[PDB]
> 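A single structure is presented below for examination.
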Amino acid sequence: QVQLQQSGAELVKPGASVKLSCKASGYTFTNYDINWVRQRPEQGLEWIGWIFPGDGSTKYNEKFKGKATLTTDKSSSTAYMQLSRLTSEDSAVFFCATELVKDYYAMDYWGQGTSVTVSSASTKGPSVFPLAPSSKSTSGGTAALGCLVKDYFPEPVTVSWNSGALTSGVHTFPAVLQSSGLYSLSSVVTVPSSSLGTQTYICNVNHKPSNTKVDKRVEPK
Amino acid sequence: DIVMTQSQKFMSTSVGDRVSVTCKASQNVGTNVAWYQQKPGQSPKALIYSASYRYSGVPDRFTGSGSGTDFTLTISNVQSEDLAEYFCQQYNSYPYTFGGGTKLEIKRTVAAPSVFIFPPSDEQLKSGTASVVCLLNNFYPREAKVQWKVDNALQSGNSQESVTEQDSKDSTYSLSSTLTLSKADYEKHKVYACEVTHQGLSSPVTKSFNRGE
Ligand SMILES: CCC(=O)N(c1ccccc1)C1CCN(CCc2ccccc2)CC1
């Protein structure tokens with residue numbers, strides 16, 4: 001199966017540079033273009049360019065000359081995009097994508113995106129607090145429990161439950177910007193109340209810019 | 001300067017109905033338009049290529065169409081899974097360009113929020129600060145008003161809230177609100193409550209707890 005695996009989230013000083021990577025697998029890397037795309041929620045989708053890993057040829061969107069530079073390492077089936085001269089306006093999510101066409105049947109594959117935050121502020125890792133289940137978070141035999149992921153910079157955190165084994169009933173809310181300029185976020189899940197004594201619920205919080213990993217067990221009280 | 005424009009920024013439809021988004025192209029592009037679906041936090045996924053036929057595994061609900069400069073994506077028998085932002089794109093000539101995006105909203109029956117409240121953890125209190133969380137789970141429509149009351153005094157300026165995207169399975173929303181106080185102020189008061197008003201509620205719902213449990 002084809003997979004494009006992109007590098008973690010970045011915090012970069014204004015004017016500086018950062019190298020994003022896109023690791024390909026499951027197919028012959030040298031036979032298809034890697035395309036790169038920018039998405040800014042405040043503007044939309046933009047195509048940056050393509051690179052063909054067989055011969056290293058490229059086609060850039062004129063707007064990104066001197067901002068982006070595409071390269072590939074065929075030895076490790078990895079594409080790269082060097083981002084340089086970033087302004088605070090350049091904060092964005094960057095996607096890599098490839099498409100395989102066989103007998104004119106086409107299938108696209110995308111990386112999961114890399115968030116780049118361009119700011120002079122220093123990074124801060126989150127504090128993770130349990131949202132304990134109790135009589136005040138039950139309804140019709142279901143129980144709500146969660147984690148509060150508080151005081152971090154920049155976005156994003158990734159939150160999972162039980163290393164990904166728990167996904168049904170999860171709501172991970174959009175983060176809010178506090179007066180301090182730090183972000184805070186809630187992740188909640190609804191589970192059966194009957195099984196609170198035998199099941200374990202752990203929110204896994206990961207924040208790449210501060211290399212912070214927390215596994216927080218959420219117990220009833 | 002080369003551009004692709006979708007007139008509808010937002011579209012609204014019920015489950016089971018047909019809907020279509022218009023994309024106009026500034027120059028002749030012929031077959032070489034693509035359509036994409038994107039859900040919040042996820043990568044785009046291509047639906048249509050050659051302006052007229054679908055990527056492998058895309059269901060027959062999605063039919064693209066157009067001739068030269070006028071293009072439409074049509075979704076028949078719309079499903080709650082189809083909730084997404086939709087983009088057109090031209091790949092005929094460089095630089096490649098996308099449309100501005102059309103968000104699909106699902107109309108459904110009213111659904112009242114299940115309301116839950118969480119006191120601060122002891123670990124947070126040791127850090128000198130106290131957050132109370134009020135959770136409104138799977139409700140519709142999106143409009144809901146949450147009021148924090150401490151010892152029955154209406155609070156303002158000390159809370160923040162956020163709402164989910166519309167749910168892909170039941171087309172509801174959920175809302176989280178956090179009231180944030182210092183430990184010292186938290187200990188000055190006894191009763192912490194969040195009061196919810198919503199169209200599905202005939203009367204406001206209050207969830208509350210007494211500090212010290
Ligand atoms: C900005 C990226 C972009 O434009 N694309 C893309 C999408 C995902 C991943 C890689 C590139 C295009 C998607 C459509 N294909 C059509 C190819 C085709 C035409 C006629 C018959 C069969 C196949 C061209 C590339």
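Each chain gets a letter, A, B and so on, in the order the sequences are listed, and its residues count up from 1. Just so you know, ligand 1 is whichever comes first in the structure, and atom 1 is the first atom listed for that ligand. These values consider heavy atoms only, across backbone and side chains, with no hydrogens, waters or symmetry-generated copies.
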> Tell me the protein heavy atom at minimum distance from atom 15 (N) of ligand 1, and give that distance in Å.
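Of every protein heavy atom, A:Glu99 OE1, 3.0 Å lies nearest to atom 15 (N) of ligand 1.
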
> May I ask you to list the atoms of ligand 1 that are less than 4.0 angstrom from any heavy atom of A:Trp47?
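That gives atoms 1 (C) of ligand 1.
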
> Can you tell me how the ring of B:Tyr86 sits relative to the ring of B:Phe62, calling it parallel under 30°, perpendicular over 60° and tilted otherwise?
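Ring orientation, 0 to 90° scale: tilted.
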
> State whether the shortest distance between N or O atoms of B:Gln89 and N or O atoms of ligand 1 falls below 3.5 angstrom.
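Checking ligand 1 against B:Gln89, an N or O pair does fall under 3.5 Å apart.
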
> Can you tell me which residue and heavy atom of the protein come closest to atom 8 (C) of ligand 1, and the distance to 0.1 Å?
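Here the nearest protein heavy atom works out to A:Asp108 CB, 3.9 Å.
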
> Is the closest basic N to carboxylate O distance between B:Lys103 and B:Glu105 below 4.0 Å?
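Judged by the 4.0 Å cut-off on N to carboxylate O distance, B:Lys103 and B:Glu105 do not form a salt bridge.
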
> So, do A:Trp161 and A:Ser187 sit near enough that their side-chain heavy atoms are less than 4.5 Å apart?
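Yes. Closest side-chain heavy atoms under 4.5 Å.
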
> Between A:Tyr109 and A:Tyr27, is the ring centre distance below 6.0 Å?
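No, the ring of A:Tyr109 stays outside the 6.0 Å limit from the ring of A:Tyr27, centre to centre.
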
> Knowing that exactly one of A:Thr98, A:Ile34, A:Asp73 qualifies, which makes a side chain to side chain contact (heavy atoms under 4.5 Å, CB included) with A:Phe29?
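For A:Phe29, the side chain to side chain contact (heavy atoms under 4.5 Å, CB included) check succeeds only for A:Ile34.
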
> Between the candidates A:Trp50, B:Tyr36, B:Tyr91, A:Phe95, which shows the shortest non-hydrogen contact distance to atom 5 (N) of ligand 1?
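Residue with the shortest heavy-atom distance to the ligand atom: B:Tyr36.
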
> Which of the atoms in ligand 1, numbered in the order shown and given with their element, are less than 4.0 Å from a heavy-atom of A:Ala97?
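That gives atoms 9 (C) of ligand 1.
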
> Could you list which atoms of ligand 1 come closer than 4.0 Å to a heavy atom of B:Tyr96?
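That gives atoms 4 (O) of ligand 1.
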
> Do me a favour and list the nearest non-hydrogen protein atom to atom 13 (C) of ligand 1 with residue, atom name and distance?
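Result: B:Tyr55 OH, 3.2 Å.
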
> Given B:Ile106, which of B:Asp17, B:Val78, B:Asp170 fulfils the side chain to side chain contact (heavy atoms under 4.5 Å, CB included) condition?
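Among B:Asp17, B:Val78, B:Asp170, the one meeting side chain to side chain contact (heavy atoms under 4.5 Å, CB included) with B:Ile106 is B:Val78.
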
> In the protein, what heavy atom is nearest to atom 22 (C) of ligand 1, and what distance, to one decimal place, separates them?
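Sorting protein heavy atoms by distance from atom 22 (C) of ligand 1 puts B:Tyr49 CE1, 3.4 Å first.
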
> Check the orientation of B:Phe139 and B:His198. Use parallel for under 30°, tilted for 30 to 60°, and perpendicular for over 60°.
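Aromatic pair B:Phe139/B:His198 classed perpendicular.
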
> So is A:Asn35 polar-close to ligand 1, meaning N/O to N/O under 3.5 Å?
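No.
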
> Take the angle between the ring planes of A:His207 and A:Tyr152 and call it parallel below 30°, perpendicular above 60°, tilted in between.
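Perpendicular.
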
> Looking only at heavy atoms, is any part of A:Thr98 under 4.0 Å from ligand 1, and if so is it the side chain, the backbone, or both, or is it neither?
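Under 4.0 Å from ligand 1, A:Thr98 contributes backbone atoms alone.
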
